[PDB]
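Fold and contact review
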2 protein chains.
Amino acid sequence: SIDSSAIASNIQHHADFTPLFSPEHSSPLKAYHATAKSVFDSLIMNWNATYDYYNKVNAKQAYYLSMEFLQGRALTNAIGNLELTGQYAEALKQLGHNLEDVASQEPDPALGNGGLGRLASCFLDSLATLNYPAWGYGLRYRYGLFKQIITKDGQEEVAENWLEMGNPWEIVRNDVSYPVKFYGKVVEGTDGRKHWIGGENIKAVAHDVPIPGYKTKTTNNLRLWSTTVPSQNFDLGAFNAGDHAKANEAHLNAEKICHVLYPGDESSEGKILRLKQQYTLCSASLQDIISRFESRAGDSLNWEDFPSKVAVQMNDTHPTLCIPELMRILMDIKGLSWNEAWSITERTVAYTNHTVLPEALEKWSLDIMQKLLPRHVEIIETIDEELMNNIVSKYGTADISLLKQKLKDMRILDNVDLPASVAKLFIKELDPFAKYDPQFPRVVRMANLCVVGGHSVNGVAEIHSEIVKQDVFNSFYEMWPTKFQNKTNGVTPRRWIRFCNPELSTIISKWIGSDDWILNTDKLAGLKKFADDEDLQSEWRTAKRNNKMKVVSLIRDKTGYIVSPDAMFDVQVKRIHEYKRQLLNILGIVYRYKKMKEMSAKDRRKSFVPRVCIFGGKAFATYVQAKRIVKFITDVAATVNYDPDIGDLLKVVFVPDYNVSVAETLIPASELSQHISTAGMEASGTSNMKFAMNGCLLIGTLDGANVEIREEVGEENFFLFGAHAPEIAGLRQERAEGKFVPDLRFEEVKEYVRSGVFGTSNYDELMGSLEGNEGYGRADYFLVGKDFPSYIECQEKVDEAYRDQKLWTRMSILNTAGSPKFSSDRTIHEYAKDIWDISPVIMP
Amino acid sequence: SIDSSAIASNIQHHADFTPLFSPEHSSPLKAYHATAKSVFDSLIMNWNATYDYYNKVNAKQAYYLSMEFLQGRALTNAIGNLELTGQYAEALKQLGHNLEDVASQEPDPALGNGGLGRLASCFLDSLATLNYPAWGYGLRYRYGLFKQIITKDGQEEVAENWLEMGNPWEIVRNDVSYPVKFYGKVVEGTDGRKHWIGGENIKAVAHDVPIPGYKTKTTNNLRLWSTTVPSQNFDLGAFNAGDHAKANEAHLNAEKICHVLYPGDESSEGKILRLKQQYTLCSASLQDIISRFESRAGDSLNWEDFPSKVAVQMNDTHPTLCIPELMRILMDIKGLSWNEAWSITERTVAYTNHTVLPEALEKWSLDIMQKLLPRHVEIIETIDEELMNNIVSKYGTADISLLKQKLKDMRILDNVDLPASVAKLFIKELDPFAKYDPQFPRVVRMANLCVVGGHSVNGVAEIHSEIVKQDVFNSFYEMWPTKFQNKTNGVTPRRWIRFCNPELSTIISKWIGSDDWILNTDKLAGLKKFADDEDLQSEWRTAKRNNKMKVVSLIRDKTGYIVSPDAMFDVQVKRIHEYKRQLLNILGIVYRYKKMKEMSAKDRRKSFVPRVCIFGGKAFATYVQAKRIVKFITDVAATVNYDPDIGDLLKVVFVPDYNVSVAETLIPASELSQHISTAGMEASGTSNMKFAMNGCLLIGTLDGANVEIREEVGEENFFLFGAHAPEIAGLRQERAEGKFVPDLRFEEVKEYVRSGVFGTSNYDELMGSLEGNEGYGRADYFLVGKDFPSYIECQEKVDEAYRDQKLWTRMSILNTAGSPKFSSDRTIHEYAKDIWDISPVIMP
Ligand SMILES: *Cc1c(COP(=O)(O)O)cnc(C)c1O
Ligand SMILES: *Cc1c(COP(=O)(O)O)cnc(C)c1O
């Protein structure tokens with residue numbers, strides 16, 4: 001009773017009765033907005049039912065705050081989760097359209113950037129699919145980070161246009177507006193209570209993005225804050241006098257908070273904005289959560305129940321301000337005591353860490369924060385004093401040098417005059433250590449504040465979670481060992497197998513017996529025994545090849561290069577950074593090119609398997625060397641791809657504007673993917689898990705997610721190379737004292753690049769970053785030269801394996817069979833049970 | 001088969017499936033947006049049918065361009081014209097709401113200001129109602145002119161908020177975008193043809209506001225341009241470097257065009273913007289009109305047919321640039337010759353003039369225009385050369401001093417070097433007259449360009465249209481007498497009787513026999529014979545009184561003052577200006593107050609009829625004296641309203657933020673309205689006509705619309721006072737040479753105001769503007785003192801008439817009976833036949 005012909009009518013209805021175009025206009029885009037709105041009707045029904053039932057039950061609700069959400073296109077996945085994928089397809093034929101064609105008109109929401117945000121997004125899919133009561137909270141970015149375009153100069157950055165016609169996947173909630181305050185000062189009022197007055201005032205308005213679960217009515221929510229000020233803040237006097245910018249100054253201030261993701265902060269103005277961004281996310285979100293708690297509790301309202309009804313999860317340090325903000329409201333607005341409020345805060349908040357380096361943890365100038373959020377600094381000050389008295393107790397006086405060290409490590413406010421209580425212990429008068437030294441900045445360490453303020457701290461992979469306990473927060477682990485956990489990352493198998501790779505999905509559900517694996521992904525393990533079946537292997541290679549043909553279109557379309565699908569599709573797809581070592585990959589390609597060119601055309605075929613080597617991802621605009629690296633790759637592509645001696649034996653391609661949509665086409669087509677960061681530098685990595693699910697083989701270092709992926713799929717089905725994490729610091733110091741001697745094959749490439757064969761750029765600057773023994777930006781800090789021989793050898797093993805397409809496809813199948821551990825579903829279960837302490841809420 | 005219960009469902013549907021609020025939220029406002037969207041579904045159906053049928057028929061289409069459209073609230077009138085007024089009322093009861101209550105939640109669109117715009121709006125109602133194919137073109141103003149608030153300092157100006165939640169009465173047309181260019185320069189290309197290159201580029205996007213006719217499916221359109229630039233014009237480099245305003249500079253430039261109506265132009269930046277505004281309206285609109293002509297013509301496309309398919313009407317001089325812009329496109333883009341293009345332009349364009357003073361006609365600096373629109377100045381230059389050669393022919397050489405005068409009067413470009421052809425005739429070398437004199441600015445006279453460029457020029461009232469021929473454009477009238485016309489203004493009887501005054505409307509349709517008068521307003525004349533019937537008079541006075549009670553609410557609500565409905569409701573409602581003479585009214589009130597206070601409480605009742613004297617309207621922010629006048633009135637209100645000796649004998653009230661919605665409540669309640677501008681200063685006036693329709697009696701000067709209103713309703717049913725137009729200049733010169741001696745009663749008031757009785761302001765400054773014999777801002781230029789005795793006497797006749805509520809109500813009824821001439825319907829018929837040459841297009 002829910003058929004294709006009624007859907008076609010509702011699509012038509014939306015084109016005409018919620019129109020964005022002239023009636024006689026006929027576009028795939030017009031069809032998209034109509035089809036999006038037809039699907040949306042289902043999400044609204046289900047959203048309202050889910051919203052209402054949660055209020056009735058009043059179960060504990062989890063809240064995931066992130067500065068990023070890589071939502072990607074919604075259409076294909078909403079239709080998928082509703083299981084109207086077959087009927088929407090036909091409905092669109094009736095109207096003279098094609099689903100796939102219409103779906104490719106959807107713009108990627110510019111609401112995230114990399115893994116941090118995509119994880120959050122996968123987490124929202126799993127939460128809904130498994131019927132957990134949970135929302136995401138975030139900011140509604142207009143222009144995103146940037147849309148990447150590739151010219152003959154390298155990468156250029158253009159602002160995103162995804163909101164130009166409005167977002168059909170959201171609902172504005174005009175009754176949901178919260179005030180957020182900047183600057184001002186604090187005064188103690190009549191009733192001993194603190195009051196934060198004056199300053200600047202903006203309002204955050206709610207923009208809801210429903211999150212439909214798979215094979216369930218449960219539709220959770222992503223609440224997005226958009227900043228503005230009321231029309232009356234427009235200065236007409238300024239406007240009429242001619243000063244049109246002044247007239248618009250107040251609106252610009254509010255609105256710019258939601259303009260760009262991670263705005264550049266090499267300026268006091270960029271730092272203030274980045275800080276306004278975070279407080280707005282924290283303040284608006286917490287005010288809303290508090291509001292919902294109150295409305296549900298009704299007359300029987302008790303704040304001790306707050307952490308048994310509310311869980312707040314801080315994705316990275318960006319939402320750290322939740323801690324003091326919660327303390328702010330509980331005391332200043334609700335009237336709770338410090339200890340009463342602190343206990344509620346500590347039990348409500350938890351922190352997830354994605355960093356492996358202790359000098360990559362968010363720091364802020366106290367002076368800047370003190371000016372913008374004076375009441376929060378007061379609160380932080382009190383928190384840091386408590387923390388220090390607890391260290392005093394749990395340790396010393398007796399042994400002071402020890403205590404000195406414990407206080408450095410754990411302090412929230414670094415380089416500040418100690419509170420009078422602690423300062424005592426260092427009289428002799430006071431030790432230089434217990435005083436502000438103007439030679440250095442006064443700094444607020446957000447990571448330490450997150451640890452102190454949350455009941456749980458977790459890493460994102462087994463090895464990393466240990467690094468977190470041993471290197472990063474050691475003295476904290478000593479103090480509160482029970483805080484520290486691990487929650488290995490995962491990705492949703494619905495977006496990243498079922499819907500991005502339908503051809504593989506059919507093969508999977510045939511041989512396993514059902515399509516239940518989409519939900520109960522453990523059942524993929526039943527593929528192990530069929531790994532050597534010849535027929536499975538036939539279908540499995542055909543799918544891979546069919547998925548590769550959609551990439552041929554993408555490459556032709558986006559770059560102009562013509563490539564053959566009968567080569568090996570070798571992909572490296574991640575953010576452009578020296579530590580990720582795209583440079584190691586391209587230089588390995590350069591070596592093989594060189595070998596080919598010093599070889600007979602008979603031997604070229606005998607020695608190397610044909611490849612299409614694909615690069616993708618964004619460089620931080622200001623990062624000069626990263627931009628030179630994408631430039632370098634493009635130039636190699638130009639030289640290699642148009643070389644008669646090579647032909648289809650090797651192609652190199654840089655796919656521009658890598659995003660969720662690109663990944664969705666690229667990943668299912670991939671046979672080899674590269675995860676080759678300097679060992680010890682990666683915490684996890686989620687693209688790794690996506691590739692393996694799609695039967696792509698991994699070449700990588702013993703680093704981040706690769707380690708656990710290798711366990712699950714088997715070491716025989718993974719190409720491992722390079723120095724391990726423990727060996728690094730030693731190899732660097734070895735370099736510093738002149739003892740490192742690079743392979744002859746590595747000097748060959750460097751010289752061959754300095755040769756000019758890749759155009760009118762020489763690159764002596766880039767190659768120069770792999771030379772010397774010391775210096776910032778030089779001295780091959782990320783061990784490209786060191787790992788080179790091991791790496792180019794490992795790629796010879798890949799070639800030899802690809803020669804036996806029996807072995808290759810066997811390993812491909814074993815990767816999909818070993819992926820179950822990396823479903824975000826079991827990641828969420830672990831979070832739900834061991835941190836948030838929430839249960840599923842199933843509607844009847 | 002279109003019943004109240006289905007409508008209630010559709011209202012509900014829109015609340016839930018085109019939502020702007022949380023689902024559990026319950027507001028009159030929420031009900032409004034839902035009810036608006038339910039009505040809108042009907043407008044869409046009818047809009048699309050009307051749009052499609054016009055394309056089929058390809059009849060000549062009229063296009064009304066204005067910088068203003070005072071649309072007012074749409075809800076009550078759309079529901080009215082659809083005749084679902086009874087069923088929407090019940091549908092809203094079912095949902096626990098009240099139509100009137102819901103309607104009062106609609107914000108007034110800030111798309112206009114005064115009469116200019118309201119006329120345009122009435123014109124759109126009449127065009128639809130009478131089935132004429134016609135659109136309005138305008139700009140989509142965000143903040144409007146300003147929302148007026150009254151404090152203890154006078155008026156203050158706040159930006160309007162009408163778009164904060166979006167406009168339910170519009171449809172964005174994303175496929176309708178047109179490029180508009182600013183600055184740049186001209187170059188003659190390969191093919192002798194001119195090309196306008198470089199400069200700045202913005203895009204105007206179409207926002208359609210359907211205009212439903214009354215008792216007809218015909219739903220015409222108001223196309224509104226909103227300016228923007230594509231996201232990519234956002235400078236990320238600037239944003240990340242910290243310079244967030246610079247990053248937003250390009251967007252601000254585009255968007256500010258649509259920010260404020262009539263932005264202040266005492267700055268080169270305000271003048272450039274005002275000029276960008278007008279060109280954008282002209283360019284975008286003409287590009288669209290041209291596009292529609294082409295798509296309809298198909299293969300059989302002939303540009304000679306353009307003026308037989310297209311009429312462009314310029315409301316005032318603001319759209320003057322249509323003339324050269326049309327010439328631009330026809331030659332530069334379509335390839336027509338000058339004469340071929342000129343003939344098409346002259347036959348397509350027509351001009352309506354609303355000005356009575358020849359020094360109130362829009363002038364622009366040539367230098368500013370030459371910089372912004374260089375190609376348009378070239379075209380204007382050529383037009384002005386033609387014009388001058390035609391004057392040469394039609395006159396002189398022989399008589400040069402004569403020719404000198406004819407060229408001054410008619411020139412488009414004033415104070416410019418004459419073209420070589422004309423310059424000859426003044427050799428002796430060249431006369432100073434035929435040269436640019438840097439002592440004065442170089443000026444472009446837009447009015448003269450409108451006259452030259454249009455086939456018809458019309459005034460807006462019989463007397464004014466004559467002034468236009470005799471004083472304003474005399475030498476043009478001599479040259480082309482057939483151009484000059486009259487089209488007396490009118491107002492729609494649907495918004496301004498039927499829907500604003502339902503209680504009167506019932507009485508009208510009873511005694512006339514039907515409600516057909518709403519359409520065929522001529523049938524109101526049948527009320528003359530019932531003027532003296534006692535029963536009609538009973539119902540008629542009851543309605544007036546019932547309508548007055550809604551004003552009591554408005555006054556209480558907006559000012560706090562408590563007033564009795566059993567007094568005379570005496571209203572002056574128009575823009576605050578010295579020439580309109582609110583000051584004359586208030587000073588007359590001040591005189592009566594003074595008399596009351598020097599009188600016994602028995603006599604106070606014997607001498608004066610109780611009144612509620614209501615003022616309303618906006619002062620130009622920068623106009624110091626106008627603002628002091630509203631301040632002065634408020635202070636009188638404060639003193640008078642709280643005086644025990646007075647009580648309900650006299651109240652004075654300044655209703656803040658006068659707009660369409662205020663008028664709709666105020667007008668039907670009004671018994672006396674004032675139209676007292678210095679004689680000869682007003683061209684027409686439409687509020688005058690509204691009042692008379694609602695049975696309000698007029699006190700006014702022999703000026704503008706009053707003259708014709710007095711003819712139609714009868715001199716016995718109109719309170720005339722003051723000096724007539726011909727006597728003015730003489731009375732002013734009389735003042736200049738010391739010969740004017742004011743009434744003793746006028747010095748009494750002035751002194752009594754200088755007395756301080758009205759608070760801690762003395763007003764010696766304001767009273768000082770009525771004193772002296774010469775000087776800007778002084779010397780009683782608008783004859784307040786002169787007309788005073790005549791005026792306060794005329795008000796004594798009003799009192800004596802109001803005493804006999806038989807006579808008063810007789811005259812009231814005769815005003816409604818005499819109003820038929822002032823229906824915008826017959827105004828439109830005249831425009832349709834004698835200018836646009838269009839016919840109605842009725843769908844089957
Ligand atoms: C999965 C995914 C990522 C994360 O990639 P890592 O290699 O884990 O950093 C980034 N971007 C997009 C578009 C993705 O789909
Ligand atoms: C009718 C009307 C006007 C025009 O009034 P005039 O006295 O003709 O200038 C102005 N404003 C509003 C809101 C109106 O309804």
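Going by the header, the method for this PDB entry is X-ray crystallography, and the resolution given is 2.7 Å.

Looking at the PDB entry, one finds chain A named Alpha-1,4 glucan phosphorylase, with Hordeum vulgare var. distichum as its source organism. The title line of the PDB record says "Structure of plastidial phosphorylase Pho1 from Barley". The record held by UniProt for chain A lists under Catalytic activity (unreviewed entry) the comment "[(1->4)-alpha-D-glucosyl](n) + phosphate = [(1->4)-alpha-D-glucosyl](n-1) + alpha-D-glucose 1-phosphate".

Turning next to unusual backbone geometry. The backbone phi angle of A:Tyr183 is positive, close to 60°, even though this residue is not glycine. Within the element layout of this structure, A:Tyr183 appears in the loop between β5 (171–182) and β6 (185–188). Residue A:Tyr183 is classed as partly exposed on the basis of its relative accessible area, which comes to 25%. A positive phi angle is found at B:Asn415, which is not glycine, with a value near 65°. Tracing the backbone through its elements, the reader meets B:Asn415 in the loop between β13 (413–414) and α17 (420–423). Its relative accessible area of 9% is what places B:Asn415 among the buried residues.

Our focus in this paragraph is the relation of the copies chain B and chain A. Relative to chain A, chain B is turned by 180° and slid 0.0 Å along the rotation axis, the superposed coordinates differing by an RMSD of 0.0 Å. Between the two chains, the operation in question is that of a two-fold axis. The residues that chain B uses at the interface reappear at the interface of chain A in 100% of cases, marking a shared surface.

Residue and element names in this part refer to chain A. Among the 14 residues in the neighbourhood of ligand 1, the closest are listed as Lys574, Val660, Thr686, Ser687 and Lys690. Within the backbone of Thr686, a nitrogen or oxygen atom sits 2.7 Å from an oxygen atom of ligand 1. In this structure, an oxygen atom belonging to ligand 1 sits 2.6 Å away from a side-chain N or O atom of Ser687. If ligand 1 stood free it would expose 400 Å²; the protein chains cover 91% of that surface. Counting only elements with at least two residues in the shell around ligand 1, the list comes to α6 (115–129), α27 (660–669) and α28 (687–693). Class assignment for the residues of the shell around ligand 1 results in five nonpolar, five polar and four charged. Counting the residues that make up the shell around ligand 1, at least three belong to each of domain 1 (1–416 + 440–490 + 824–844) and domain 2 (491–823).

Moving on, we come to empty space enclosed by the protein. By volume, the largest cavity amounts to about 330 Å³. Contributing to the lining of the largest cavity are 24 residues, with B:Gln71, B:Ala74, B:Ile211, B:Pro212 and B:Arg495 lying nearest its centre. Secondary-structure elements contributing two or more residues to the lining of the largest cavity are α3 (75–81), α6 (115–129) and β8 (200–212) of chain B. For the lining of the largest cavity, the per-class residue count stands at 12 nonpolar, seven polar and five charged. Its boundaries defined by the atoms lining it, the second largest cavity holds a volume of some 80 Å³. What lines the second largest cavity is simply A:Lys574, A:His675, A:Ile676, A:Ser677, A:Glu682, A:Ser684, A:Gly685, A:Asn688, A:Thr701, A:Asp703 and A:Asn706. Class assignment of the residues belonging to the lining of the second largest cavity gives a composition of one nonpolar, seven polar and three charged.

A word on helix α2 (residues 28–57) of chain A. Under the 1.5 Å per step criterion, the end-to-end length of α2(A) is 43 Å for 30 residues, consistent within 8% with the ideal 44 Å. Looking one or two residues beyond α2(A), the residue adopting positive phi is A:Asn58, at roughly 55°.

With that settled, consider the environment of A:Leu65. All names here are of chain A. Relative to the helices and strands, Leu65 is located in strand β1 (residues 61–65). Along the backbone, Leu65 and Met314 are 249 residues apart, and their C-alpha atoms lie at a distance of 5.5 Å. For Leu65, the contacting residues outside a window of four places in its chain are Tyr137, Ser285, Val312, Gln313, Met314, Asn315, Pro319 and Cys322.

Before going further, it helps to examine the pairing of strand β18 (residues 611–616) of chain A. All names here are of chain A. A large share of β18 lies buried, amounting to six of its six residues. Burial along β18 is two-sided: the face carrying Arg611, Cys613 and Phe615 and the face carrying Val612, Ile614 and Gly616 are both buried. Pairing of strand β17 (residues 568–573) with β18, which is carried by six bridges, proceeds in the parallel orientation. Considered in β18, the bridge of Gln572 is made with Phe615. In this fold, β18 hands off to helix α26 (residues 624–641), which returns the chain to strand β19 (residues 650–655); that crossover is right-handed.

This brings us to the interface of chain B and chain A. On the chain A side, the residues contacting the 58 residues of chain B number 58 residues. Summing the contributions of chain B and of chain A, the shared interface buries around 4600 Å²; its carbon and sulfur component is 59%. Broken down residue by residue, the surface that chain B buries against chain A is led by B:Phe17, B:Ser231 and B:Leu236, which jointly contribute 13%. Here chain B and chain A share 14 residue pairs in polar contact between them. Class assignment of the residues belonging to the side of chain B that touches chain A gives a composition of 29 nonpolar, 16 polar and 13 charged.

The next point concerns the site of ligand 2. Residue and element names in this part refer to chain B. Taken together, 14 residues are adjacent to ligand 2, and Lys574, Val660, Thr686, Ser687 and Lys690 come closest. In the model, an oxygen atom of ligand 2 is placed 2.7 Å from a nitrogen or oxygen of the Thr686 main chain. Measuring from an oxygen atom of ligand 2, one finds a side-chain N or O atom of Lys690 at 2.7 Å. Within the complex, 91% of the 390 Å² of free accessible area of ligand 2 lies under protein. Looking at the shell around ligand 2, its residues break down into five nonpolar, five polar and four charged. If you count residues domain by domain, the shell around ligand 2 takes at least three from each of domain 1 (1–416 + 440–490 + 824–844) and domain 2 (491–823).

Next up on the list: the packing of helix α10 (residues 268–297) of chain B against helix α12 (residues 322–333) of chain B. Residue and element names in this part refer to chain B. Their axes nearest at 10 Å, the elements α10 and α12 cross at an angle of 45°. On the basis of the axis angle, α10 is oblique to α12. For α10 against α12, the interelement crossing comes out right-handed. Two secondary-structure elements touch here, α10 through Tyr279, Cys282, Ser283, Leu286, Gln287 and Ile290 and α12 through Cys322, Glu325, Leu326, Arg328, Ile329 and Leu330.

A surface patch of negative charge is lined by A:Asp235, A:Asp243, A:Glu249 and B:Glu269. Tracing the backbone through its elements, the reader meets A:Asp235 in the loop between β9 (219–228) and α7 (236–241).

Procedures and definitions
Residues numbered from 1 in each chain as written, not as in the entry; some residues may be left out. Chains lettered and ligands numbered in written order. Heavy atoms only, no water. Residues with missing side-chain atoms left out of burial classes, pairs and counts. UniProt positions renumbered as here; feature names shortened; annotations may be inferred. Helix = DSSP H or I, 4+ residues; strand = E, 2+ residues; numbered from the N terminus. Buried < 20%, exposed > 50% of the residue type's maximum accessible area, 1.4 Å probe, protein only. Least-squares fit on C-alpha atoms. Contact = heavy atoms within 4.5 Å. Near = heavy atom within 4 Å. Polar contact = N/O pair within 3.5 Å; in protein donor to acceptor, adjacent residues only side chain to side chain. Areas by Shrake-Rupley, 256 points an atom, 1.4 Å probe, with all protein chains shown as cover. Nonpolar A, V, L, I, M, F, W, Y, C, P; charged D, E, K, R; others polar. Domains from an automatic or database assignment. 1 Å grid on protein atoms, 1.4 Å probe; cavity = no way out; pocket = protein on both sides within 12 Å on 5 of 7 lines; lining within 4 Å. Points joined across faces, edges and corners; volume = space filled by probe spheres on them. Expected span 1.5 Å × (residues − 1). Pairing = 2+ DSSP bridges. Right-handed = clockwise from strand over helix to strand, strands pointing away. Buried area = accessible area lost by both parts, 1.4 Å probe. Axes fitted to C-alpha atoms, helices over the stretch in contact; angles between N-to-C directions. Parallel < 35°, antiparallel > 145°, perpendicular 65-115°, else oblique. Left-handed = near helix turned anticlockwise from the far one by under 90°. Patch = residues over 30% accessible without salt bridge, like charges linked within 9 Å, V, L, I, M, F, W, Y side chains within 5 Å. Salt bridge = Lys/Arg side-chain N within 4 Å of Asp/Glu carboxyl O. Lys, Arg positive; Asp, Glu negative; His and termini not counted. Charge placed at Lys NZ, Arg CZ, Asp CG, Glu CD.

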